[PDB]
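**Student:** Sending over a structure as structure tokens; questions will come in a sec.
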Protein chains: 2
Amino acid sequence: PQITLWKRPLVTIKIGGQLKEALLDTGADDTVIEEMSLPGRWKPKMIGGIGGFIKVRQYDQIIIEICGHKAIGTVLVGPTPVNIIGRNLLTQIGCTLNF
Amino acid sequence: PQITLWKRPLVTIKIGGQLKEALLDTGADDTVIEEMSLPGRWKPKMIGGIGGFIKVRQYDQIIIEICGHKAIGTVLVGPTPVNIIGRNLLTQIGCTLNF
Ligand SMILES: CCCC[C@H](NC(=O)[C@H](C)NC(=O)[C@H](CCC(=O)O)NC(=O)[C@H](Cc1ccccc1)NC[C@H](CC(C)C)NC(=O)[C@@H](NC(=O)[C@@H](N)CCCNC(N)=[NH2+])C(C)C)C(N)=O
């Protein structure tokens, strides 16, 4: 794909068993996913942004298969307004930004 | 340039005759610059992000150059952790997400 930026870069990813719509965020270091009880162990972590920080649990080694490109990595789970796909996973499906 | 995401996509921008780093952000609808003196007439605004809302002075149709390309549009100025180039400008310098 060659996605254009006219609209927001939304896609459908696949976490655990559920399919969801996340935002390809080039300005997100980590991936933060809306609350969902992924089994596994976890740890407490704070993430910030425009406006402040929110608390989230870290999940490591999660498989997410963003539109047929499966990546596997660390996903943060918490009360985020948008499922966010960040660079720790965009780099894995070989996403580049070209102008 | 074809920018890869193993590192944060920082790029140099000349805004108001000043050079400054800015992150290229596909998850931002607009462009927010840290506090600065831009000529023109500002109209207060509120934008929110992964933290919450912030107050930002709004400048309309500002000429800015991102890595030599030029853009002229809206630039919000306020208490942002890092400057950011969002979609309203990314599309002016023909930027796309590729993978
Ligand atoms: C077109 C106008 C219509 C509406 C318009 N838009 C908005 O209100 C929208 C929703 N806000 C946004 O678009 C804002 C950018 C601000 C803006 O747009 O002005 N985008 C955002 O805030 C997006 C996430 C998001 C996406 C969509 C919706 C909501 C949130 N995050 C951008 C942000 C940039 C980065 C440099 C800090 N990244 C993050 O928040 C990520 N966090 C990180 O990268 C952390 N490691 C940073 C720690 C904090 N400290 C620090 N950075 N110094 C997080 C996703 C893990 C408006 N006028 O306000």
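Throughout, read-outs are computed from the coordinates displayed, never taken from laboratory work. Every residue, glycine as well, gets a Cβ built from its backbone with ideal geometry; the counts of neighbours run over all protein chains shown.
**Student:** Within region A:55-92, list the residues whose amide N lies under 11 Å from a label point set 7 Å along Cα→Cβ of A:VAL11.
**Tutor:** Only A:65-71, A:85-86, A:89-92 fall inside the zone, counting backbone N under 11 Å.
**Student:** So which GluC sites (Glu not before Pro) in region A:32-88 are both in a DSSP loop and have at most 16 other Cβ atoms within 10 Å of their Cβ?
**Tutor:** Values: sites: A:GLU34, A:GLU35, A:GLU65; in loops: A:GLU34, A:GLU35.
Of the GluC sites (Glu not before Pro), the ones in loops of region A:32-88 whose Cβ has at most 16 other Cβ atoms within 10 Å are A:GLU34, A:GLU35.
**Student:** Need one value for B:51-58: mean number of C-beta atoms belonging to other chains within 10 Å of its residues' C-beta atoms.
**Tutor:** Working: counts 8, 6, 3, 3, 0, 1, 0, 0.
Whole-number average of other-chain Cβ neighbours for B:51-58 is 3.
**Student:** Moving on to the next point. Once you sort the root eigenvalues of the Cα gyration tensor of region A:27-74 as a ≥ b ≥ c, which label holds: rounded (a/c under 1.5), prolate (a/b larger than b/c) or oblate (the other case)? Mind showing how you got there, number by number?
**Tutor:** Working: a/c = 2.32, a/b = 1.34, b/c = 1.74.
The shape class here is oblate.
**Student:** What list do you get for B:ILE47, B:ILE64, B:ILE72 if you sort them by fewest beta carbons within 10 Å? Walk me through the numbers on the way to the answer.
**Tutor:** Details: B:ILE47 19, B:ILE64 24, B:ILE72 13.
Listed from fewest to most nearby Cβ atoms, that is B:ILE72, B:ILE47, B:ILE64.
**Student:** Exposed loop trypsin sites (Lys or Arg not before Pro) only (DSSP loop, at most 13 other Cβ atoms within 10 Å): please give the longest stretch of chain A free of them, not including the sites.
**Tutor:** Values: sites that count: A:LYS7, A:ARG41.
Counting only loop sites that pass the neighbour cut-off, the longest clear stretch is A:42-99.
**Student:** Okay, moving on. Treating only the Cβ atoms of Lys and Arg (+1) and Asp and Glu (-1) as charged, compute the dipole magnitude of chain B about its Cα centre; round to the nearest 20 debye. The partial results should precede the final answer.
**Tutor:** Numbers: 11 positive and 8 negative charges, 24 e Å.
Dipole of chain B, to the nearest 20 debye: 120 debye.
**Student:** With springs only between Cα atoms under 10 Å, which of B:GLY86, B:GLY16, B:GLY78 fluctuates most in a Gaussian network model of chain B?
**Tutor:** The residue that fluctuates most here is B:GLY16.
**Student:** I would also like to ask the following. Take peptide A:43-50, look around each residue's Cβ out to 10 angstrom, count Cβ atoms belonging to other protein chains, and average those counts.
**Tutor:** Mean shielding by partner chains, rounded to a whole number: 4.
**Student:** In Å and from the alpha-carbon atoms only, list the Rg and Dmax of region B:1-96.
**Tutor:** My reading of the Cα-based Rg and Dmax gives 12.6, 39 Å.
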